[PDB]
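Chemist: The structure follows.
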Amino acid sequence: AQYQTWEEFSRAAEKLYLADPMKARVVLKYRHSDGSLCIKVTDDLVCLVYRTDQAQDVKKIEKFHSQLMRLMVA
Amino acid sequence: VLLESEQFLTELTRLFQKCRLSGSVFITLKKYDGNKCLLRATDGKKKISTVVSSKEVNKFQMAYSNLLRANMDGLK
């Protein structure tokens, strides 16, 4: 559920989207006080989350966020 | 609060400044017709939202990716 690594959460969450695109949703929680980030891609059937702020992930996290946005619109 | 794609970015700027001392800022992106996509942001107190279509996605991600990377600074 909590794929606290990389390129395994991305390929699984993208496959959650291609399964059912209408029900899937992705949240993006930011907490600046404590200094952490949180991505979650839930699919009404499963649930994947990703913690670990580690600012070297800030760029690869929002590109993943902005990449899903182009698949909702094509 | 369903706003325009421009007013959405200025209000999303203040959610990252309001909770700069304490608080979480959520951003929920989802498919929506009733192509388009629905984007919503809520710090817990005030809700804002917009609908982004294929007509303004290129214009959005650019200012949207700049706002996100700038107002998100965590761990080293």
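Each chain of the structure tokens is named A, B, ... in the order shown, its residues numbered from 1; ligands are numbered from 1 in display order.
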Taking the DSSP assignment computed from this structure's backbone, write out as a ChimeraX atom specification all residues of chain B that belong to strand (DSSP E or B).

Modeler: /B:2,24-32,36-42,47-53

Chemist: Okay, now the selection with N, CA and C atoms, as a compact mmCIF listing (two decimals), in the first residue's frame?

Modeler:
# COMPACT_ATOMS: atom_id res chain seq x y z
N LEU B 2 -15.74 27.36 -7.05
CA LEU B 2 -15.26 27.11 -8.40
C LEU B 2 -14.86 28.43 -9.05
N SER B 24 -2.04 22.02 6.82
CA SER B 24 -1.89 21.22 5.61
C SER B 24 -2.74 21.79 4.49
N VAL B 25 -2.23 21.68 3.27
CA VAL B 25 -2.90 22.15 2.07
C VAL B 25 -3.10 20.95 1.15
N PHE B 26 -4.35 20.55 0.96
CA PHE B 26 -4.67 19.41 0.13
C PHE B 26 -4.92 19.85 -1.30
N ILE B 27 -4.64 18.95 -2.24
CA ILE B 27 -4.88 19.21 -3.65
C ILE B 27 -5.37 17.90 -4.25
N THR B 28 -6.65 17.85 -4.62
CA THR B 28 -7.28 16.64 -5.15
C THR B 28 -7.58 16.83 -6.63
N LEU B 29 -6.94 16.03 -7.47
CA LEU B 29 -7.11 16.07 -8.92
C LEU B 29 -7.85 14.82 -9.38
N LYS B 30 -8.85 15.00 -10.24
CA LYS B 30 -9.72 13.88 -10.58
C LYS B 30 -10.36 14.11 -11.94
N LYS B 31 -10.68 13.00 -12.62
CA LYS B 31 -11.43 13.06 -13.87
C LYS B 31 -12.85 13.56 -13.62
N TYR B 32 -13.42 14.23 -14.63
CA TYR B 32 -14.73 14.85 -14.48
C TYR B 32 -15.38 15.24 -15.82
N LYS B 36 -12.18 17.03 -19.78
CA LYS B 36 -11.83 17.94 -18.70
C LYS B 36 -11.30 17.17 -17.50
N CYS B 37 -10.78 17.92 -16.53
CA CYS B 37 -10.30 17.39 -15.27
C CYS B 37 -10.62 18.40 -14.17
N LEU B 38 -10.90 17.88 -12.98
CA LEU B 38 -11.29 18.70 -11.84
C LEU B 38 -10.12 18.80 -10.86
N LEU B 39 -9.82 20.03 -10.44
CA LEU B 39 -8.75 20.29 -9.48
C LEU B 39 -9.33 21.06 -8.30
N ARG B 40 -9.03 20.61 -7.09
CA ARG B 40 -9.56 21.21 -5.87
C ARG B 40 -8.45 21.32 -4.83
N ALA B 41 -8.52 22.37 -4.02
CA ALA B 41 -7.54 22.62 -2.98
C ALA B 41 -8.24 23.12 -1.73
N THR B 42 -7.87 22.56 -0.57
CA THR B 42 -8.52 22.89 0.69
C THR B 42 -7.51 22.75 1.82
N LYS B 47 -12.22 26.37 0.80
CA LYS B 47 -12.13 25.51 -0.38
C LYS B 47 -12.09 26.35 -1.66
N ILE B 48 -11.24 25.93 -2.60
CA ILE B 48 -11.20 26.51 -3.95
C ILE B 48 -11.11 25.36 -4.95
N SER B 49 -11.57 25.62 -6.17
CA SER B 49 -11.62 24.59 -7.19
C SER B 49 -11.70 25.24 -8.57
N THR B 50 -11.34 24.46 -9.59
CA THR B 50 -11.42 24.89 -10.98
C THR B 50 -11.56 23.65 -11.85
N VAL B 51 -11.96 23.88 -13.10
CA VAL B 51 -12.06 22.83 -14.11
C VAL B 51 -11.11 23.18 -15.24
N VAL B 52 -10.20 22.27 -15.55
CA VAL B 52 -9.15 22.48 -16.54
C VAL B 52 -9.43 21.56 -17.73
N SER B 53 -9.68 22.15 -18.89
CA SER B 53 -9.97 21.42 -20.12
C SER B 53 -8.73 21.35 -21.01

Chemist: With only C-alpha atoms considered, list every residue of chain A at most 7 Å from chain B, as number ranges by chain.

Modeler: A: 21-22, 24-33, 35-36, 53-55, 58-59, 62, 66, 72-74

Chemist: Just the selected residues (N, CA, C and O atoms), exported as an mmCIF file, in the first residue's frame, please.

Modeler:
data_model
loop_
_atom_site.group_PDB
_atom_site.id
_atom_site.type_symbol
_atom_site.label_atom_id
_atom_site.label_comp_id
_atom_site.auth_asym_id
_atom_site.auth_seq_id
_atom_site.Cartn_x
_atom_site.Cartn_y
_atom_site.Cartn_z
ATOM 1 N N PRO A 21 -10.308 5.007 -15.404
ATOM 2 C CA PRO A 21 -9.927 6.424 -15.334
ATOM 3 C C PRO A 21 -10.969 7.316 -14.680
ATOM 4 O O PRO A 21 -10.610 8.394 -14.190
ATOM 5 N N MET A 22 -12.238 6.902 -14.646
ATOM 6 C CA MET A 22 -13.292 7.775 -14.140
ATOM 7 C C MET A 22 -13.325 7.836 -12.616
ATOM 8 O O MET A 22 -13.627 8.893 -12.052
ATOM 9 N N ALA A 24 -10.662 6.989 -10.430
ATOM 10 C CA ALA A 24 -9.381 7.239 -9.782
ATOM 11 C C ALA A 24 -9.201 8.715 -9.440
ATOM 12 O O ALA A 24 -9.647 9.608 -10.166
ATOM 13 N N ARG A 25 -8.521 8.959 -8.320
ATOM 14 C CA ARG A 25 -8.231 10.300 -7.836
ATOM 15 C C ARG A 25 -6.851 10.310 -7.193
ATOM 16 O O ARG A 25 -6.381 9.288 -6.686
ATOM 17 N N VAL A 26 -6.205 11.475 -7.215
ATOM 18 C CA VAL A 26 -4.863 11.645 -6.664
ATOM 19 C C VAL A 26 -4.850 12.903 -5.804
ATOM 20 O O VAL A 26 -5.171 13.996 -6.286
ATOM 21 N N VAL A 27 -4.490 12.748 -4.533
ATOM 22 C CA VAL A 27 -4.391 13.870 -3.615
ATOM 23 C C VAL A 27 -2.922 14.224 -3.429
ATOM 24 O O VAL A 27 -2.019 13.413 -3.653
ATOM 25 N N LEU A 28 -2.676 15.464 -3.010
ATOM 26 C CA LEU A 28 -1.317 15.979 -2.830
ATOM 27 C C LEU A 28 -1.329 16.854 -1.579
ATOM 28 O O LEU A 28 -1.724 18.021 -1.636
ATOM 29 N N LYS A 29 -0.902 16.285 -0.455
ATOM 30 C CA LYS A 29 -0.931 16.965 0.833
ATOM 31 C C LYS A 29 0.438 17.556 1.144
ATOM 32 O O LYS A 29 1.444 16.840 1.136
ATOM 33 N N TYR A 30 0.472 18.856 1.420
ATOM 34 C CA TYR A 30 1.691 19.540 1.825
ATOM 35 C C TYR A 30 1.566 20.015 3.266
ATOM 36 O O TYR A 30 0.528 20.550 3.667
ATOM 37 N N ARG A 31 2.632 19.818 4.038
ATOM 38 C CA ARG A 31 2.689 20.236 5.438
ATOM 39 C C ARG A 31 4.015 20.964 5.631
ATOM 40 O O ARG A 31 5.058 20.330 5.820
ATOM 41 N N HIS A 32 3.983 22.296 5.562
ATOM 42 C CA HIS A 32 5.227 23.051 5.639
ATOM 43 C C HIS A 32 5.735 23.185 7.067
ATOM 44 O O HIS A 32 6.951 23.273 7.279
ATOM 45 N N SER A 33 4.830 23.214 8.048
ATOM 46 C CA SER A 33 5.241 23.369 9.440
ATOM 47 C C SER A 33 6.225 22.277 9.847
ATOM 48 O O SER A 33 7.325 22.565 10.334
ATOM 49 N N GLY A 35 7.386 20.020 7.575
ATOM 50 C CA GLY A 35 8.295 19.897 6.450
ATOM 51 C C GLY A 35 8.209 18.588 5.692
ATOM 52 O O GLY A 35 9.243 18.004 5.352
ATOM 53 N N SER A 36 6.993 18.125 5.400
ATOM 54 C CA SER A 36 6.788 16.861 4.706
ATOM 55 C C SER A 36 5.759 17.019 3.593
ATOM 56 O O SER A 36 5.008 17.996 3.535
ATOM 57 N N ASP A 53 9.209 13.418 2.339
ATOM 58 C CA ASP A 53 9.448 14.728 1.750
ATOM 59 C C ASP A 53 10.699 14.775 0.882
ATOM 60 O O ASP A 53 10.582 14.876 -0.339
ATOM 61 N N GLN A 54 11.890 14.674 1.503
ATOM 62 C CA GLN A 54 13.174 14.504 0.815
ATOM 63 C C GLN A 54 13.269 15.314 -0.475
ATOM 64 O O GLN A 54 13.221 14.740 -1.569
ATOM 65 N N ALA A 55 13.418 16.634 -0.349
ATOM 66 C CA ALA A 55 13.102 17.604 -1.398
ATOM 67 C C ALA A 55 13.607 17.238 -2.789
ATOM 68 O O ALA A 55 13.077 17.758 -3.779
ATOM 69 N N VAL A 58 10.714 16.474 -4.688
ATOM 70 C CA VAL A 58 9.709 17.496 -4.985
ATOM 71 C C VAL A 58 9.495 17.623 -6.490
ATOM 72 O O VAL A 58 8.359 17.774 -6.959
ATOM 73 N N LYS A 59 10.574 17.551 -7.272
ATOM 74 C CA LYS A 59 10.442 17.714 -8.717
ATOM 75 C C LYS A 59 9.782 16.497 -9.361
ATOM 76 O O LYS A 59 8.851 16.639 -10.162
ATOM 77 N N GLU A 62 5.774 16.344 -8.527
ATOM 78 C CA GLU A 62 4.819 17.213 -9.205
ATOM 79 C C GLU A 62 4.792 16.965 -10.709
ATOM 80 O O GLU A 62 3.763 17.204 -11.350
ATOM 81 N N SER A 66 1.660 16.520 -12.616
ATOM 82 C CA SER A 66 1.315 17.188 -13.866
ATOM 83 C C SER A 66 1.243 16.230 -15.053
ATOM 84 O O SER A 66 0.663 16.591 -16.084
ATOM 85 N N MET A 72 -5.907 12.949 -18.126
ATOM 86 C CA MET A 72 -7.315 13.252 -17.893
ATOM 87 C C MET A 72 -7.932 14.067 -19.020
ATOM 88 O O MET A 72 -9.163 14.132 -19.120
ATOM 89 N N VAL A 73 -7.113 14.694 -19.861
ATOM 90 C CA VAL A 73 -7.591 15.723 -20.774
ATOM 91 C C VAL A 73 -7.463 15.329 -22.247
ATOM 92 O O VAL A 73 -8.177 15.907 -23.085
ATOM 93 N N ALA A 74 -6.615 14.356 -22.583
ATOM 94 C CA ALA A 74 -6.361 13.962 -23.973
ATOM 95 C C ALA A 74 -7.637 13.640 -24.755
ATOM 96 O O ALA A 74 -8.413 12.766 -24.371
#

Chemist: What does the structure give for the distance between CA of residue 9 in chain B and CA of residue 65 in chain A, in Å to one decimal?

Modeler: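 According to the coordinates, CA of residue 9 in chain B and CA of residue 65 in chain A are separated by 15.9 Å.
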
Chemist: Might you pull out every residue within 12 Å of residue 14 in chain A, with only C-alpha atoms counted and same-chain residues fewer than 4 positions away left off, and present them as a PDB file with N, CA, C and O atoms, in the first residue's frame?

Modeler:
ATOM      1  N   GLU A   7       9.664   4.587  -8.418  1.00  0.00           N
ATOM      2  CA  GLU A   7       9.471   3.943  -9.715  1.00  0.00           C
ATOM      3  C   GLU A   7       8.653   2.671  -9.563  1.00  0.00           C
ATOM      4  O   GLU A   7       8.259   2.048 -10.556  1.00  0.00           O
ATOM      5  N   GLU A   8       8.341   2.301  -8.330  1.00  0.00           N
ATOM      6  CA  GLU A   8       7.384   1.239  -8.078  1.00  0.00           C
ATOM      7  C   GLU A   8       6.028   1.785  -7.662  1.00  0.00           C
ATOM      8  O   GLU A   8       4.997   1.198  -8.011  1.00  0.00           O
ATOM      9  N   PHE A   9       6.016   2.911  -6.950  1.00  0.00           N
ATOM     10  CA  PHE A   9       4.768   3.617  -6.704  1.00  0.00           C
ATOM     11  C   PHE A   9       4.245   4.280  -7.974  1.00  0.00           C
ATOM     12  O   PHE A   9       3.027   4.353  -8.179  1.00  0.00           O
ATOM     13  N   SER A  10       5.141   4.748  -8.844  1.00  0.00           N
ATOM     14  CA  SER A  10       4.702   5.439 -10.051  1.00  0.00           C
ATOM     15  C   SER A  10       4.076   4.474 -11.053  1.00  0.00           C
ATOM     16  O   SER A  10       3.025   4.771 -11.631  1.00  0.00           O
ATOM     17  N   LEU A  18      -5.026   3.614 -15.584  1.00  0.00           N
ATOM     18  CA  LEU A  18      -5.421   2.981 -16.838  1.00  0.00           C
ATOM     19  C   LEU A  18      -6.462   1.884 -16.636  1.00  0.00           C
ATOM     20  O   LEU A  18      -7.113   1.483 -17.606  1.00  0.00           O
ATOM     21  N   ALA A  19      -6.635   1.397 -15.405  1.00  0.00           N
ATOM     22  CA  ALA A  19      -7.672   0.405 -15.135  1.00  0.00           C
ATOM     23  C   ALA A  19      -9.062   1.026 -15.227  1.00  0.00           C
ATOM     24  O   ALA A  19      -9.887   0.615 -16.052  1.00  0.00           O
ATOM     25  N   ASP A  20      -9.342   2.019 -14.384  1.00  0.00           N
ATOM     26  CA  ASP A  20     -10.596   2.771 -14.436  1.00  0.00           C
ATOM     27  C   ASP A  20     -10.269   4.254 -14.302  1.00  0.00           C
ATOM     28  O   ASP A  20      -9.987   4.739 -13.194  1.00  0.00           O
ATOM     29  N   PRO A  21     -10.308   5.007 -15.404  1.00  0.00           N
ATOM     30  CA  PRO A  21      -9.927   6.424 -15.334  1.00  0.00           C
ATOM     31  C   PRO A  21     -10.969   7.316 -14.680  1.00  0.00           C
ATOM     32  O   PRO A  21     -10.610   8.394 -14.190  1.00  0.00           O
ATOM     33  N   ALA A  24     -10.662   6.989 -10.430  1.00  0.00           N
ATOM     34  CA  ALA A  24      -9.381   7.239  -9.782  1.00  0.00           C
ATOM     35  C   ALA A  24      -9.201   8.715  -9.440  1.00  0.00           C
ATOM     36  O   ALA A  24      -9.647   9.608 -10.166  1.00  0.00           O
ATOM     37  N   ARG A  25      -8.521   8.959  -8.320  1.00  0.00           N
ATOM     38  CA  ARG A  25      -8.231  10.300  -7.836  1.00  0.00           C
ATOM     39  C   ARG A  25      -6.851  10.310  -7.193  1.00  0.00           C
ATOM     40  O   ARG A  25      -6.381   9.288  -6.686  1.00  0.00           O
ATOM     41  N   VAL A  26      -6.205  11.475  -7.215  1.00  0.00           N
ATOM     42  CA  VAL A  26      -4.863  11.645  -6.664  1.00  0.00           C
ATOM     43  C   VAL A  26      -4.850  12.903  -5.804  1.00  0.00           C
ATOM     44  O   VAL A  26      -5.171  13.996  -6.286  1.00  0.00           O
ATOM     45  N   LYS A  40      -1.025  10.549  -2.746  1.00  0.00           N
ATOM     46  CA  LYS A  40      -1.856   9.352  -2.666  1.00  0.00           C
ATOM     47  C   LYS A  40      -2.644   9.201  -3.959  1.00  0.00           C
ATOM     48  O   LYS A  40      -3.234  10.172  -4.438  1.00  0.00           O
ATOM     49  N   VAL A  41      -2.652   7.987  -4.511  1.00  0.00           N
ATOM     50  CA  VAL A  41      -3.467   7.640  -5.672  1.00  0.00           C
ATOM     51  C   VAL A  41      -4.366   6.479  -5.252  1.00  0.00           C
ATOM     52  O   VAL A  41      -3.914   5.330  -5.161  1.00  0.00           O
ATOM     53  N   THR A  42      -5.642   6.773  -5.001  1.00  0.00           N
ATOM     54  CA  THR A  42      -6.652   5.782  -4.652  1.00  0.00           C
ATOM     55  C   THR A  42      -7.608   5.599  -5.825  1.00  0.00           C
ATOM     56  O   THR A  42      -7.866   6.531  -6.591  1.00  0.00           O
ATOM     57  N   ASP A  43      -8.132   4.375  -5.956  1.00  0.00           N
ATOM     58  CA  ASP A  43      -8.783   3.935  -7.186  1.00  0.00           C
ATOM     59  C   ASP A  43     -10.166   3.345  -6.938  1.00  0.00           C
ATOM     60  O   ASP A  43     -10.722   2.694  -7.833  1.00  0.00           O
ATOM     61  N   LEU A  48      -2.826   3.591  -2.722  1.00  0.00           N
ATOM     62  CA  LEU A  48      -1.375   3.752  -2.709  1.00  0.00           C
ATOM     63  C   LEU A  48      -1.037   5.158  -2.228  1.00  0.00           C
ATOM     64  O   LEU A  48      -1.640   6.130  -2.692  1.00  0.00           O
ATOM     65  N   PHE A  64       5.022  13.900 -11.853  1.00  0.00           N
ATOM     66  CA  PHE A  64       4.042  12.825 -11.768  1.00  0.00           C
ATOM     67  C   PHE A  64       2.638  13.386 -11.590  1.00  0.00           C
ATOM     68  O   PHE A  64       1.670  12.852 -12.146  1.00  0.00           O
ATOM     69  N   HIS A  65       2.511  14.476 -10.827  1.00  0.00           N
ATOM     70  CA  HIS A  65       1.216  15.127 -10.657  1.00  0.00           C
ATOM     71  C   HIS A  65       0.759  15.792 -11.951  1.00  0.00           C
ATOM     72  O   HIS A  65      -0.401  15.653 -12.356  1.00  0.00           O
ATOM     73  N   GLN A  67       1.813  15.025 -14.943  1.00  0.00           N
ATOM     74  CA  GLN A  67       1.684  14.058 -16.031  1.00  0.00           C
ATOM     75  C   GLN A  67       0.303  13.416 -16.048  1.00  0.00           C
ATOM     76  O   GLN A  67      -0.289  13.244 -17.121  1.00  0.00           O
ATOM     77  N   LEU A  68      -0.221  13.047 -14.876  1.00  0.00           N
ATOM     78  CA  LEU A  68      -1.578  12.516 -14.809  1.00  0.00           C
ATOM     79  C   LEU A  68      -2.595  13.522 -15.328  1.00  0.00           C
ATOM     80  O   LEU A  68      -3.648  13.129 -15.840  1.00  0.00           O
ATOM     81  N   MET A  69      -2.290  14.820 -15.221  1.00  0.00           N
ATOM     82  CA  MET A  69      -3.217  15.858 -15.664  1.00  0.00           C
ATOM     83  C   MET A  69      -3.394  15.857 -17.180  1.00  0.00           C
ATOM     84  O   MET A  69      -4.473  16.204 -17.675  1.00  0.00           O
ATOM     85  N   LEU A  71      -3.289  13.109 -18.990  1.00  0.00           N
ATOM     86  CA  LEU A  71      -4.046  11.911 -19.336  1.00  0.00           C
ATOM     87  C   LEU A  71      -5.538  12.083 -19.073  1.00  0.00           C
ATOM     88  O   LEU A  71      -6.357  11.433 -19.734  1.00  0.00           O
ATOM     89  N   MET A  72      -5.907  12.949 -18.126  1.00  0.00           N
ATOM     90  CA  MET A  72      -7.315  13.252 -17.893  1.00  0.00           C
ATOM     91  C   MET A  72      -7.932  14.067 -19.020  1.00  0.00           C
ATOM     92  O   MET A  72      -9.163  14.132 -19.120  1.00  0.00           O
TER      93      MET A  72
END

Chemist: So that I can see what lies close to residue 52 in chain A, please list as a VMD selection string the residues with an atom at most 8 Å from it, counting only C-alpha atoms and leaving out residues fewer than 6 positions away in the same chain.

Modeler: chain A and resid 4 36 to 38

Chemist: Which of chain A end up as helix (DSSP H, G or I) when DSSP is run on this backbone - answer as a list in words?

Modeler: residues 9, 10, 11, 12, 13, 14, 15, 16, 17, 18, 19, 55, 56, 57, 58, 59, 60, 61, 62, 63, 64, 65, 66, 67, 68, 69, 70 and 71 of chain A

Chemist: Looking at A:60, A:17, A:11, A:70, which one is nearest to residue 45 in chain A, with distances taken over only C-alpha atoms?

Modeler: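 Closest to residue 45 in chain A of all the choices is A:17.
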